[PDB]
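As structure tokens, the next two blocks hold two forms of the same chain, structure 1 and structure 2.
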Structure 1
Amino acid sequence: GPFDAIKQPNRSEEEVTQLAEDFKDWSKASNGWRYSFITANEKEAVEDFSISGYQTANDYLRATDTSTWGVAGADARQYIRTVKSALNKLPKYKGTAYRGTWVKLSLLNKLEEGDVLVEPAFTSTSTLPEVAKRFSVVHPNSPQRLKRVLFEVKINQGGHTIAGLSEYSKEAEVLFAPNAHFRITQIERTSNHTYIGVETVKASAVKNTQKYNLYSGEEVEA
């Protein structure tokens, strides 16, 4: 089965921890000329994104109405600009990654191979399926019907490692700037869980398919 490896249980703590440390070391080692230009504010913004920053940033990005945010809105906009700037200075990652999440059942029921999913927030992934799984275990209180999803993401563009600035974790994290587009290559719906193979695509290259907002579930105009 295409998702057998990720349906199976996890590798040992020792191995997962080692793989994450290896990925952190690789990430630091792959810092390039763009990295010399990373500012103090950029470094800090990214360092704290994984702990707390993502909660405000992603909320802002997914909000239907930010008119009410006041000073918080100016702050969130600044933070987002700062993290986006930093991300472009960090090393690219290409290969497979994973994302554990929740999705509206109403959206899941529409999805087919070839459809494109657009995430309005930043998109967090891990190179380690063990890490990704941890994020489909509980969700905040929610008024909609949500289902667990495990994404297997083929990354050929857009993903940058933040693991070289995440000293407190073993998360092997690869982050995407807002509005990342992912084309569905395979979907399996089994025993109340959903496994979705996706590939990164350039938004300007998407043609003659259906795009969906991954968070709201609403169609996104071609």
Structure 2
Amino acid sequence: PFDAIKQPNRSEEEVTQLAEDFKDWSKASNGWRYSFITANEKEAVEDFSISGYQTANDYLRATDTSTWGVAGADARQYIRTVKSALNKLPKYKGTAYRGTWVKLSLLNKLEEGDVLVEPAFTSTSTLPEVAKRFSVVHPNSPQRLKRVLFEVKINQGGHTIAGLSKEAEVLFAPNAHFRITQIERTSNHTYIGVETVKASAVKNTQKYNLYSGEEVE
């Protein structure tokens, strides 16, 4: 279990080649919907990985955006544009990876079959090396946070943005739902396997907001 995460990182040269291969596959896989992508949509996705996601995801996680002013209006437009673009880009199905910090109080509740809801966009990489990079440092928090590495089985919702762009990046629109399939907690690490699920198909389980820790529904 979680073998891909547990093994040593591959070399920079190998990771770079794998990322190039993925970019090439992504470009080769554009479908008829790609024809309808607009200049603003292309630009928005190109800006996403670099800087766009930081403000967009803060907006999506915010309890209150009264201080945002025109920045809130711009954030809403940007979010709408990226979502529209995603639906015109190739789907990716298979395994991908993400690292994030999760409240210990939430982690202590989680079981197989529970559903995690991400309020922000969800960014994953098909390369575990890349996922490990983005969760090394510990945020300032009054609540204990733990580093979690996710192994994501994607069967819906994920679109590659690597053809327009982080290496081998597969993005989900906000509010993506992920059902827990396996958990490995040791004194040293926490790994969670999840599978993409449709929100409307989620029944008689417990849903949690992955960022706030709060129960959903």
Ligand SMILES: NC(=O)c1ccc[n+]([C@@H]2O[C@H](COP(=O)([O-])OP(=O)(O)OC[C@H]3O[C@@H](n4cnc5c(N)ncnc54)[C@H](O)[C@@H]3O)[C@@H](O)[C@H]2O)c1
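In this text, the rigid core denotes the largest set of C-alpha atoms whose superposition between the two forms falls within 1.5 Å. For residue numbers, the reference is structure 1: its sequence is counted from 1.
Student: Have a look at both and say which one is the form solved without the named molecule.
Tutor: Structure 2, not 1.
Student: Which of the listed residues (84, 77, 139, 92) moves its Cα by 2 Å or more between the two structures when the core is kept in place?
Tutor: Residue with a C-alpha shift of 2 Å or more: 139.
Student: After superposing on the rigid core, how many Å does the CA of residue 68 move between the two structures?
Tutor: C-alpha displacement of residue 68 between the two structures: 2.8 Å.
Student: In Å, how large is the CA movement of residue 12 between the two structures relative to the superposed rigid core?
Tutor: With the rigid core fitted, the alpha carbon of residue 12 is displaced 1.3 Å between the two structures.
Student: What is the C-alpha shift for residue 158 between the two structures, rigid core superposed, to one decimal in Å?
Tutor: Its C-alpha shift, to one decimal, is 0.1 Å.
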